[PDB]
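Novice: Have a look at the structure that comes next, please.
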Ligand SMILES: O=C(O)c1cc(-c2ccc(F)cc2F)cc(I)c1O
Ligand SMILES: O=C(O)c1cc(-c2ccc(F)cc2F)cc(I)c1O
């Protein structure tokens, strides 16, 4: 409930469906440890990645597999994937939404943090 | 239900609340006639602008009063407002979401059309 | 020049070439008066729209004709055009770059404003 | 040059100056090897990172140090950095411009790819 991911398609004007998303947490030795993953729904959303109990302060990476998404549509893309890296802080609001708007040679990403 | 507007703030990482939004429809004589309006909610959303019965094919303009939003926050903005102009077509999906992501000197806008 | 427009294509990863651009200025009577127009070059840039002398204080609208652009590529896009409306030169002369990044159902626009 | 990076500030309406940028290339062993680095100029541009000879086929990562940028302006931003990962030169040499538009809680990036 603390972390949700939403992906939109700027070519078709639609949610980006069945996009793979991987989340990692930074470990003591500076490597990225798998944390959570899933595929976006028909609404372009990925819910249920983690819980309040598990989502402690730390540095997290969200990797969105944009290349496979475009290839499935028959479109040649530029990026291998989209990556969003951020620090989770207990000071700020409690719910994080990471959103990405996708085009073949561009993407935009923003965070909405509420509560 | 056919038309919803969502506004986000890229400086604060939050919904853009209490932003004025005006919708117009293009008339026969080429002028813009008021159609619907409102202010975004605490979630940054504006629901209930129109009905399926009233939202006929035509050219529509959505004007978002970004200047007043930034001025209320004490921030000097570039744009007078953000404007989104589009044709509604019965061919395509039935529900239109117009989203805008706001910064003082930039904005991005996208449309999600579903069903 | 004091006003330049740059347009990029996010589907192709290229400048958006031959895009029509019309500029208007709000008149004393509150109507939009034609001010300048042109088309983007092979670099996606449009220079020479105006001069420091002619580009006085006022509210300006830069209308970028994205629909025509996309239709010629075989795409039926969402927007009729992209419109950028701003006050210019109200604290003295500035140089303005208006940039737009285009996709079929989305666009992003930003401005870079410098002082000579 | 075959690889240029441009960075803009959406809060100020200006080039983003003195932004650190690090480039890496994926090694045969699947690790990220340092490839080039630099900082943006007063124009927000970073030129001279590499040459056509050195910029061979491979997977590259361009890491833009946005957090440090924002903190010096008194803003605590959301992202640690902005990272752009792409395959380059796999159909022969190309010229790449990587552009990034920055806000405290958002960034947009695009690429323009041309053939000389
Ligand atoms: O629900 C959302 O969070 C949402 C977000 C966007 C959006 C995403 C990235 C961006 F740069 C601009 C946007 F409007 C666009 C739409 I349409 C959205 O619905
Ligand atoms: O010269 C440029 O490459 C340039 C690019 C942008 C820009 C950058 C990223 C983006 F997502 C959208 C833009 F318009 C904005 C401006 I103003 C530019 O001048």
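Residues displayed in chain B correspond, in order, to Swiss-Prot positions 30-144.
Heads up, header says this was done by X-ray crystallography, 1.7 Å.
Each Cβ is built from the backbone N, Cα and C atoms, and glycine gets one as well.
For B:30, the entry in Swiss-Prot reads sulfocysteine, with the evidence type experimental evidence. As annotated by Swiss-Prot, L-thyroxine binding site applies to B:35, B:74, B:137, with the evidence given as experimental evidence. Per Swiss-Prot, 4-carboxyglutamate is recorded for B:62. What Swiss-Prot records for B:72 is phosphoserine. Residues or ranges marked as N-linked glycosylation site by Swiss-Prot on the basis of experimental evidence: B:118.
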Novice: Filter the recorded positions B:30, B:35, B:62, B:72, B:74, B:137: retain a residue only if its CB is under 8 A from a CB of chain C. Output in sequence order; output 'none' if empty.
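Specialist: Contact set vs C: B:137.
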Novice: Neighbour count first, Cβ atoms within 10 Å, every protein chain included; then name which of B:72, B:118, B:137 tops the list of recorded positions.
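Specialist: Per the Cβ count within 10 Å, the most buried is B:137.
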Novice: For residue B:30 (sulfocysteine), what residues in its own chain, 6 or more apart in sequence, show a Cβ-Cβ distance under 8 Å?
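Specialist: The list for residue B:30 (sulfocysteine) reads B:80, B:81, B:124, given in order along the sequence.
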Novice: Return one of helix, strand or coil for residue B:30 (sulfocysteine), based on DSSP.
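Specialist: Residue B:30 (sulfocysteine) sits in coil per DSSP, no helix or strand.
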Novice: Below 8 Å between Cβ atoms and chain A: which of B:30, B:35, B:62, B:74, B:118 make it? I'm asking about the recorded positions.
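Specialist: Going by the Cβ criterion (under 8 Å to chain A), the recorded positions yield none at all.
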Novice: Work through the recorded positions one by one (B:62, B:72, B:118) and name whichever has its CA nearest to the CA of residue B:137 (L-thyroxine binding site).
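Specialist: Minimum Cα distance from residue B:137 (L-thyroxine binding site) across B:62, B:72, B:118 lands on B:72.
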Novice: Name the recorded positions, out of B:30, B:35, B:72, B:137, that lie close to chain D, meaning a Cβ-Cβ distance under 8 Å, keeping sequence order and answering 'none' if none do.
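Specialist: Contact set vs D: B:137.
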Novice: Do me a favour and check the Cα-Cα span between residue B:35 (L-thyroxine binding site) and the residue listed as 'phosphoserine'; whole Å is fine.
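Specialist: Given the Cα positions, residue B:35 (L-thyroxine binding site) is 8 Å from the residue listed as 'phosphoserine'.
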Novice: Quick check for the class: what is the C-alpha distance, in angstrom and rounded, between residue B:72 (phosphoserine) and residue B:62 (4-carboxyglutamate)?
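Specialist: Residue B:72 (phosphoserine) to residue B:62 (4-carboxyglutamate), Cα-Cα distance: 28 Å.
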